[PDB]
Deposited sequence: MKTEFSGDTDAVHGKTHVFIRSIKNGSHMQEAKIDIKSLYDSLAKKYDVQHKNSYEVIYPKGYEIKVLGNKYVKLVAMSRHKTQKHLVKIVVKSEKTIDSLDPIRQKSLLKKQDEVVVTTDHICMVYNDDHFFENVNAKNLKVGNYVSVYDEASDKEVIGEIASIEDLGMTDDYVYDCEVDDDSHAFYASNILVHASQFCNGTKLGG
């Protein structure tokens, strides 16, 4: 389990105790940015950043600390997951998509989805899963300060 670099995440950063900024940013962009600010630890093939004063939106539509972030090359296939939701406004149908790696979730399962326009969490259904094949690109991982161990990845809750 990692996510593709174009995965979107909701990030808050804090400075000087008193100032905070929040934005929706791609995870590769977040990584490259933090790479200038902090610096990478290394394991067998992981490059890891332990940022301070960063937070990420997770289950419960709340921001918790982003404790670490990493990237690595992977042998695993990229898998595109499409998730549908809807609300009555008269039906507004929505879908979101996230590309993850995994060696391991099922079409038909329900998953939590962040409805950004109404700033609330809704139930989504996995509508499709597609094997996109192997990749040469880096894939990314977050550790989040929440016992859900999950964060919203392009509006879809992922672990």
Residues of the deposited chain that carry no C-alpha coordinates are 1 to 9, 99 to 107, 123 to 140, 196 to 207
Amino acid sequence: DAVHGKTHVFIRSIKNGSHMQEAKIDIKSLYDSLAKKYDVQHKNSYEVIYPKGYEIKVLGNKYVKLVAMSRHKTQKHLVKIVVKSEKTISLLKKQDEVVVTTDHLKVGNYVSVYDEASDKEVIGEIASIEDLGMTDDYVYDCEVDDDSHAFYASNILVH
From here on, numbers count along this sequence of modelled residues.
So which stretch wins on mean C-alpha B-factor, 52 to 60 or 28 to 36? 28 to 36
Taking only the CA atoms, which stretch has the higher mean B-factor in the record, 147 to 155 or 133 to 141? 133 to 141
Among 128, 112, 102, 95, where is the Cα B factor highest in this entry? 102
Residue 84: C-alpha B-factor third of its chain, per the entry, is the lowest
Pull the Cα B-factor of residue 16 out of the PDB entry and bin it into the chain's lowest, middle or highest third. highest
